[PDB]
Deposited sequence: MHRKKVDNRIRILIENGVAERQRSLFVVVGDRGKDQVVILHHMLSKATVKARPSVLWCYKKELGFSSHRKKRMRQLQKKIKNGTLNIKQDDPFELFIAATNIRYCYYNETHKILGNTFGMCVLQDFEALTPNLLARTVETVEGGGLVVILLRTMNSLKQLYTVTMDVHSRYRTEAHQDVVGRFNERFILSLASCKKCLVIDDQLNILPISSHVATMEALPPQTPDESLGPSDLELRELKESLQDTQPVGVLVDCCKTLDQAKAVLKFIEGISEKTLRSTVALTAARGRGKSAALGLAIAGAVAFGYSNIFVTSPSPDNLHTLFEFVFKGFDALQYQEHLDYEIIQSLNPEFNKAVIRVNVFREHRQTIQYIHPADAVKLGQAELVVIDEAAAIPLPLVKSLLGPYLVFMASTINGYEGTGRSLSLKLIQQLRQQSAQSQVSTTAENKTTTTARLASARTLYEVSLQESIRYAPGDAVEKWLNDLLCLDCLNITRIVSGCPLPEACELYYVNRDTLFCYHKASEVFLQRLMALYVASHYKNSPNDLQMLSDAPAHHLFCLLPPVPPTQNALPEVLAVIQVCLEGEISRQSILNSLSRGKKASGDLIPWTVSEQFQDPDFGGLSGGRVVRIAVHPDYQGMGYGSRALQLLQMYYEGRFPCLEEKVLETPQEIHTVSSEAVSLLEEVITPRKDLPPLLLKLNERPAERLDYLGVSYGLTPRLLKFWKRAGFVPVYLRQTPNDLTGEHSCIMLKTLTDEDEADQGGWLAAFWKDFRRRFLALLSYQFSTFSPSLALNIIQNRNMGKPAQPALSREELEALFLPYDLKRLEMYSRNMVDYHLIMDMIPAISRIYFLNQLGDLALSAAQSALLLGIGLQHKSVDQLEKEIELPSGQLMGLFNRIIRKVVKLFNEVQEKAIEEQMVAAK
C-alpha cells in the first residue's frame, strides 16, 4: 500500500518519484500510476513522456537518438523502455525534464531473479568489441541495481504491484520571491521582468543585471554560474530584453552553436511581451533558414524609438564587436580562454557558466581566477534552486550519486620520488559496497575536475571496457594524487589489416593501431602489443610538482618488466580482492610500445615529449571547439620502426605546414619538428649534384649577390621555401642556427608568413628580424660556396 503514500508525499512536497517496474506486459501499471497521479495532482493531463530506442492525455512519443531536441521541455513524468539502449549521458537528460511530483518509470524486462548483471545488451556495448579482447563483462548494471536501495524514493515494484524485499527496507521557498515582486510591482521595466521569474534565486541575477544595465556605464563583466537546470538562459533573456527597453542599440550573443541555447531568445520574446511589445510592427525576428540548428533566431530588430538589434556572433568573431554596447556569453567555461579574452572589452559583459550536471568543470576555474584583477567591475551571482522541483530531491540526488555529477573535491607536499603506484581492481570498484564508492567518487572527482564537459559516458567506459586498466599514485584510503587510465591496443592481425588498408572497415576500437597503420601503410605495426593512455589527471592542488611525470615513469617500468611477481533480494557483495593492489602482485602484459592521443597544446606537448614520447600523427582538420588538432604520440619500450615513422611524419609536416598548420605559432611548430629522443642519421650533406639540380646557377648568383650588397628581400623570396625545406631535412649541415633564427626560417619559408605577421609571434624588432634573416642568408651562401668547391 506504500505506493499511494509515496505518490501523495511526492505531490505534496514538489519532489519527483522513481518507480522501477519489472514485467513483460508493461501496460497494467502505467495507466494505474497515471490515474493515481491525476487524482493526487490538481491538473488532469501531466503530459507524460514515452521514449523508445528504435520502435515501440497529451503523450508525445520520442526516440533515444533524437534527444537534444527535448532538453528544453518539461513533463509531469518520464517513461523509459528498452533498457538495453540507455547511456549515462542519456539517463541524465530525460529525468531532468520532469516537474515536481514526478512519476519516472523504468521498465527493464520480465526477469524473475538477478538477471541484470549478465543481461547487458546495450547498443554502446557493440562499440567496445575489440578483436583482441572480445570478452566484456557488464558492471554498470550491477551498480545501477544496487543504487536503488540507498534512496528513500526509489521503490521497485513488478507488473502485479508487488513490493520486492530490496525496496521493502525503505512552499517555504516561495516566500521572499512574491514579496520582492510586490515591492517591484510599481517599478518601470524593472519589476515586470522580475515577475516573469519562477525562483527567488533567478530574481537576484536579473536584478543585478538590470541594476548594471540601468547605470549607463560600460565597465561591468558580472558572471553567473548555473547547475544544469536551475535557470540560466531565462535570466539572460530577461536581462537582454531589459537592455533593449533601456535604450541599448548594440547587443550581441556569443555561443558556439545556435542549437546550444534555444531558450535565450524565447524568453527575450517573453520579456518583450511583459513590456507590451507587439512583435509584428514594433519589432521583427530573423530566422537562420540555413543548416544551422533547426529554427534558431540569429538577428532580432527592434524599432520603437531608435533602431536596436540583437545579433548572434561566433566566440572567435571579435571584429564586429567594435561598437558593441552589451555582450552575452553563454557557457564561458567551455569557451577557450584566449577567445574569452579577445571577446572582452570596454563594454557591458554578461557571463553565464555551468559548474554542475553533465557539463562544465570546477577545481578553481580560471574564469574567476584571472578576471579578478581590476575601473573594471567583478560582480558575481549564482543559483542553487531548481525551477522544476523542490531543492534536495531524492531522484536528483540518486542520479547525481550514481552518475558522479557531484563531489567537487578541492578539499585534500610529499616528495614525488616517495610516491607509489597501485593498481585498481575494477571488479571491486563498481560493486558499491562501503569505503569503495567514496573512492569511486574521488576518482571521478579527479576525472571531471581536469577538462570541460567530460560527458558521463566515460563512466560506462571506465567499467564496461574489456581492456581498460586503472592506476593511482598514493603518498608513502589515502588521497589519490594522480589517476591514469590505460587502454590495451594492438595484436590485431596482418591479413585483415591489409584488407582494412583498402576500402574495408576500421572496427570499433584501437584508434592508434588503425591510424598509424592507415597513415604509414605499415601492416606490421598492428601486430605489436601497445597501450594507449586514455586519461591522465593529477590533483589540481599539486600540479607541476612532478607527480604526473613520476606516475608515467612508474607505469613505464611496470609494463617493461621491472616488477616481477615474486523477491528474494541478496546482499551486494562479499567476495572480490582488495581495492588497491601493489605493482609487485600483478603480472604485466609485456607491452612493446606506449601511445597517447590528445589535443595539441604547447604545455601538453612539452610534458608528453619530456616523458619520452615522439609525435607520429597530427590531424590536419581542426577539431570542433577549443581550436585544437588531434595529435598521436608513440614511445618504444625496452627503435627500428619508430625512427622510420618519425622521419616520415617530419617530412609530411614540412609540406603540410602551408595548408592548415600555417596558423601554428613558430615556437610550437619548431618544438614538434625537433625532438631529443630521436637522433639525426642525415649526416651526408646536399652535395653539388643536388645543389645544381635544385637551384639554377643564376639563382645561386642572386643569392650570393644578396649577401654582399644587402637589399630588399623580395628579390630572393622565391628561394626561401626551398632553402627552408632542405635545411629542416638536415641536408644543410648544421650552420649553427639559433632558436630565433630557426623560428624565423620556419615561418618565412614553410609557413609563408610575412615579416609583419611574424613581428608579433617572434616579438622582435623588424631591424633584428632583418639582421637574423640576413645572417641566415650569409650562412647558406657560405655553405653553398663550400659545397661547390669554392
Where along the deposited sequence are residues missing from the model? 1-7, 64-99, 214-228, 433-456, 495-498, 563-569, 660-681, 754-760, 913-922
